[PDB]
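See below for the structure under consideration.
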Amino acid sequence: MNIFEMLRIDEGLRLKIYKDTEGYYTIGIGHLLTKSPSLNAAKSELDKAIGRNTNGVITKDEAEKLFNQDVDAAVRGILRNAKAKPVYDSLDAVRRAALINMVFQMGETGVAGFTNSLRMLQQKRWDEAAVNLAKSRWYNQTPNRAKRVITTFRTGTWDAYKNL
Ligand SMILES: [Cl-]
Ligand SMILES: [Cl-]
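Take the sequence shown: its position 69, counted from the start at 1, is 66 in the working numbering, and no numbers get skipped.
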């Protein structure tokens, strides 16, 4: 298991524009296109990202390419974030993947409301952190996914992803 396989399980793979859990147009492996209600705007953003007139449809390779870019960006985003960096550097490899997954899903903006949880992770107080992470809109909206990531932070193993 690794970050790519982990997110592929959590986000799935769709080759046509679809609406995510929050109702935003997305494609591929969880690649958000825009928060705008406009399908046209979404198709436009898609063409801009792929470099061609797609007609709201892409190939598997194109999806994987977007994915590679998106993971790289999340990692780079963490490294540049003054609050997240110290946490990321303190964690072991498995746990780092869990932090990447959150950032990929909710962005630096979302991860920003997790100040207290991040501090517990940095302190290595695993059970406490798991409890705090669960008191969030994130957990109430996407509980199954949140449970998988939380278990990852709690245990430091990929157990929640084995079977999927
Ligand atoms: Cl892009
Ligand atoms: Cl879920």
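For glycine and all other residues, C-beta sits at the position ideal for the given N, C-alpha and C.
Unbroken alpha helix (DSSP H) run spanning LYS82, endpoints: Under the DSSP assignment, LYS82 falls in the alpha helix (DSSP H) whose first and last residues are 81 to 87.
Rounded straight-line distance, which links the Cα of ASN78 to that of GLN119: Taking the straight line joining both Cα atoms gives about 15 Å.
8 Å contact criterion, which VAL68 and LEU4 should meet: CB distance rounded: Contact flag correct, Cβ pair sits at about 7 Å.
Segment limits, beta strand (DSSP E) that includes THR148: Counted as a single uninterrupted DSSP element, the stretch harbouring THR148 is not any beta strand (DSSP E) but the alpha helix (DSSP H) occupying residues 140 to 152.
Terminal residues of the alpha helix (DSSP H) in which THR31 lies: Premise fails: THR31 lies in the beta strand (DSSP E), 28 to 31, not in any alpha helix (DSSP H).
Cα-Cα separation between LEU63 and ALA70, rounded to whole angstroms: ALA70 has its alpha-carbon roughly 10 Å from the corresponding atom of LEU63.
beta-carbon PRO34 near ligand 2 non-hydrogen atom, thresh 7 Å: Outside the cutoff, so no.
Whole-Å CB distance - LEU43 paired with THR51, under 8 Å assumed: Rounded, the Cβ-Cβ distance is 5 Å, consistent with contact.
Rounded Cβ spacing between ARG142 and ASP7 (contact assumed at less than 8 Å): Under the criterion of beta carbons closer than 8 Å, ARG142 and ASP7 qualify as touching, at roughly 5 Å.
Ligand 1 heavy atom lying under 7 Å from the CB of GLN119: In terms of side-chain proximity, the C-beta atom of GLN119 is found no nearer than 7 Å to any non-hydrogen atom of ligand 1.
Rounded Cβ spacing between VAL91 and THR148 (contact assumed at less than 8 Å): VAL91 to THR148, Cβ: 11 Å. No contact.
Cβ-Cβ separation, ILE24 to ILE14 (assumed contact under 8 Å), whole Å: The pair is a contact, with the Cβ atoms about 5 Å apart (cut-off 8 Å).
As assigned by DSSP and simplified to three states, the class of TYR158: In the structure shown, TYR158 sits in a helix (DSSP, three-state: H, G or I).
Every unbroken alpha helix (DSSP H) inside the segment 53 to 123 [4 residues or more]: Listed in chain order, the complete alpha helix (DSSP H) runs (minimum 4 residues) inside the segment 53 to 123 are 57 to 77, 81 to 87, 90 to 108 and 112 to 119.
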